[PDB]
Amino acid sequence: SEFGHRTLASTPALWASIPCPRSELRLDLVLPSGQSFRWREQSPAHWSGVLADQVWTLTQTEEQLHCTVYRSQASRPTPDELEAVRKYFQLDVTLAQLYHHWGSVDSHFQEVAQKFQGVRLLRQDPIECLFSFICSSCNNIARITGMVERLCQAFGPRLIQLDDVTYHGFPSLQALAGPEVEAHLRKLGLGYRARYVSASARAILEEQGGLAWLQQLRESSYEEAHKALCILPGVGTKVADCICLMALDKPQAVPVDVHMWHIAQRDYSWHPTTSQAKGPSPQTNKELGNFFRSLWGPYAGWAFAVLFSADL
């Protein structure tokens, strides 16, 4: 009872709730959908992972988001810890309002949205997001999830152990910039991605002014943030957009890839106007990005996440 991952039923006194309807958030649609790769459904409807440097288990009912944190001396989450959860799901951004706006300017969105409510954007830490997505090229969610997990066990601080699962905080820049990190990462199967992780860690710390340079990009504009991220090795337009959208508060960022094309072509009969090439390319991808921004508005990135989930 006092051991293993908790459940709302097994340790009722250790859970605290945050008012939140399923219409504003659906854990099963957000946590394993390629935004964050650190969440696991260790027990049906119960999701565990690291948030604000601690381990949490989350589960929801129709009107509540039940949270539980593991630190010593067991205890229900404090009002301040709960705010960290609220900020992580950016609960201040009302989904009902967004769905309504996107649904009123886009018939197709309104159709698919009906069955997929609760899809919103997580507000992730810049470092975790940068290196997690550096590992995203040529990999599916499952592979990415594995690489990120071994990377954290290897270079991340040990937090606590639940059952046979030991949680680790995400690796720091210092750790990732360490010597022989690349060789070590290759043994963990990160392949050529190992080099970018090592190279980007050292580049930020030794050429850009460190952690401050990254975090500070949140106060910077989307165009400026995107441009800056792109100098880092292993980070291109795609990864830069994912980072801007997921960690730098740039909701208008749309990460274009082949999947997005499939949707643009099938559900909007979209095709390139500016660039010559009629297939995916830097110039055409830039258009697709502008197309959806023009269609959905300031939160075009959030809107696509919805379609991205409806397409499973």
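The first residue of the shown sequence is 1; numbering continues from there.
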Would you mind checking whether any residues of the deposited sequence sit unmodelled between residue 71 and residue 72, and how many (none, 1 to 3, 4 to 9, 10 or more)? 1 to 3
Stretch with higher mean Cα temperature factor, 136-144 vs 235-243, is 136-144
Which wins on mean Cα temperature factor, 272-280 or 259-267? 272-280
Could you check 200, 97, 78, 161 and tell me which one carries the biggest Cα B-factor in the deposited entry? 78
Among 176, 122, 112, 119 - the residue whose C-alpha B-factor is largest in the record: 112
Position of residue 88 among the chain's modelled residues by C-alpha B-factor, lowest, middle or highest third: lowest
For residue 63, return the chain-relative third of its C-alpha B-factor as stated in the PDB record: lowest, middle or highest. highest
Compared with the other modelled residues in the chain, in which third is the CA B-factor of residue 8? highest
Taking the chain's C-alpha temperature factors as the reference, tell me which third residue 182 falls into: lowest, middle or highest. middle
Within this chain, which third does the Cα B-factor at residue 196 fall in: lowest, middle or highest? middle
